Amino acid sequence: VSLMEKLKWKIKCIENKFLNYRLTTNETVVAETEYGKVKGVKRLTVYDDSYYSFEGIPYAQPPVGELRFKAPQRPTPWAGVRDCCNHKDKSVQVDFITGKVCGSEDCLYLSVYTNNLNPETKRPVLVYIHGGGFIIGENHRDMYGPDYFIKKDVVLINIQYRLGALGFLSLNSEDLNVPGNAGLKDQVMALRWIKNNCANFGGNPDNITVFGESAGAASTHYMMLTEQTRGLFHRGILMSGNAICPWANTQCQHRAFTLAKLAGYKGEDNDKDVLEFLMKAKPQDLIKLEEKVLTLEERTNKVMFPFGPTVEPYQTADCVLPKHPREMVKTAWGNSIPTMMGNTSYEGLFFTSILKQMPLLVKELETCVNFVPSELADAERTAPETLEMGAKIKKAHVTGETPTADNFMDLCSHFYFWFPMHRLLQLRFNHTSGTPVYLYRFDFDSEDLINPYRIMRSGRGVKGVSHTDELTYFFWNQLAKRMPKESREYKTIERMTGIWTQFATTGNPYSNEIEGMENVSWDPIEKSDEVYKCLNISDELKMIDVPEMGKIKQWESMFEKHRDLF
């Protein structure tokens, strides 16, 4: 990231520290939890609202020393009153602005926010699981401020979980108890805490909604798939992701040795010895080298991250993913809860900075072989059948005689988001009780209000609604500002937090109290639908057939002779 954006970020971090101070009040309060009492504090917003803030609530033991790479354990309870008036650190990660490693292994915390701690009626509880590819992110209020949602009468909870290799190392040797998915296990433990504690903050333990964006969406979906979380919540919202996205799951058992060797390991590729080295290394050295683990062949085949959610090679006590996500959809308790799913109208605009650095990537579209789903393609991607499947994609996205950056970015929208969404919907319809799924398409474009991921994707000055652009209308961040109440941005804040709150409340995202919704008739997707209907959210709200449907069916046609793998 540029020196320019680093300095502007530094000035915003100073500005955020003073504004956070200024918006703090003297009104501390104490709530009960099953682990002891916690002290929160009331905070203010730039819209002149206020909320109670409890940050740094532990949901598991700090996963340090011998607990590194292992399933979380319950935290140790305390006497007295634990201070939750300040945030804890984020999980160890490469800071996307500075390029330096930050965070701490002591990161297994959640934060709880509500405008009223003794409501007269129990409130819907919304749980947000942040994205960032399973390698970045946090629940800090400089990125995920509850300021907008606390205008509504809900309880909002923002969790952390282990990222990168510290969260997703996986080793075959059953002796070593590192099966994988430690970070998803973290999220399971956080959900258990929320179920058994939200009542203490005015929440209804029988009305809990989990939601997340990008890796957060894939995480929410894993939470709906695994038997570990059965009945822990009642609605789910998948924003720009799910667990069968090609970036959401990887078999990374081999990659631990490689990480070890980048970090100075001397010895053989054996799991016992590799783990012993990885357990002793400095956490910031491992995370810094993570970016070099993937081979050229892996990157070619579009493996995006070296460590992430994986199929666990053996089943232990806390096993989360015992089989491939496709298989897990077959018996998933969460197929039977009300669900909402959606994407933005130009998701692949997110790859703008990846294309800037590597213009040769656009030439992949001359055959598109690299974008054929890896389960259908041959290892070298030279099989004539791979070239034929690639041709199908190529026809979906290449508009001229030569491919463009735009065709590339549009192709990415489908490969990474819409096609997996299609696959999931059709799989799920073969195994559901008939609970509704509702689709939205986020199509509201502004540059008057932004979030930090626009800096990451070099998105300044770029027209269209990229992956992550909706987060600006859900959460406060340190680049935000108070918007006039009649502004298109402020209305979109109200609509998005209103629709999410309505859904969280009733399992149906429609209300006539949301301005812009007066003509909306928003039906769920049925198994017999050939074309998907969505709520298109722009300056207007309008029910439309998904514009992406034609390109989606063209992707589906790659499976004409491999229907069992669809």
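Residue numbers run from 1 along the displayed sequence.
Averaged over their C-alpha atoms, the temperature factors of 342-350 and 98-106 are higher for 98-106. Of the two stretches examined, 535-543 and 521-529, the record assigns the greater average C-alpha temperature factor to 521-529. Ranking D153, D445, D175, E138 by Cα temperature factor from the entry places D175 first. The PDB entry gives the largest Cα B-factor of the residues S487, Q284, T472, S466 to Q284. When the modelled residues of the chain are ordered by their C-alpha B factor, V38 lands in the middle third. In the deposited entry, the Cα temperature factor of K185 places it in the lowest third of its chain's modelled residues. Among the modelled residues of its chain, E27 has a C-alpha B-factor that falls in the middle third according to the deposited record. The entry lists a Cα temperature factor for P179 that places it in the lowest third of the chain's modelled residues. Per-chain ranking of the deposited C-alpha B factor places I499 in the lowest third.
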